[PDB]
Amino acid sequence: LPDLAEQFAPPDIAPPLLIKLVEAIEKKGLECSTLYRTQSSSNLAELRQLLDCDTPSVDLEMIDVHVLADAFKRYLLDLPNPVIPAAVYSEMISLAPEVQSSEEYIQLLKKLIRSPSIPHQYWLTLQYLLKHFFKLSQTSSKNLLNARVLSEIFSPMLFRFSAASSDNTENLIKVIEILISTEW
């Protein structure tokens, strides 16, 4: 897919294709207790065709919820740079020893992702997703998706954990889990 900085630009709040995917999933899966936890029958290719470029792509409201869910995950995996760029992830790991509390690690993420050499689209995209995840956790009774479960599923795709250690992994999943909860 094109870079997130190429998919949209401020005043616009999120990439057009991601808003479409997210609104269809919310429309059809708010109370689905298997959403994000099952695989649809499609393979990449069927999913990539749908990743809405100048054609194929149908009206996403006609697509099965599980296929939209898989398409959502494929979209995060196919971005040229992940939602949390590798330079950011990298500094989070090496500055970890200088950070004193869980809150300062959360604030470091925010400072780093908003560096002047990281386009505004990265932070805006991260904000749009945190809001979608917060919305889902509000109906957690039903869908079973709490901020923790959602961070465990999506943190590996947002940061693109290649070979992260268990405590760095645990610390970054905690950061995203708390960022979801504070969208209140």
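Don't overthink the numbering: it's just position in the shown sequence, from 1.
For the segment pair 121 to 129 and 59 to 67, the entry gives 59 to 67 the higher mean B-factor, averaged over Cα atoms.
The question of which stretch, 134 to 142 or 48 to 56, has the higher mean Cα B factor is settled in favour of 48 to 56. For the set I25, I13, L172, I19, the maximum C-alpha B-factor listed in the entry falls on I13. The deposited CA B-factor of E103 belongs to the lowest third of values across its chain.
Per-chain ranking of the deposited C-alpha B factor places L4 in the middle third. Sort the modelled residues of the chain by CA B factor and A96 lands in the highest third. In this PDB entry, the Cα temperature factor of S151 sits in the bottom third of its chain's modelled residues, the lowest group. Ranked by Cα temperature factor within the chain, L30 sits in the highest third according to the deposited record.
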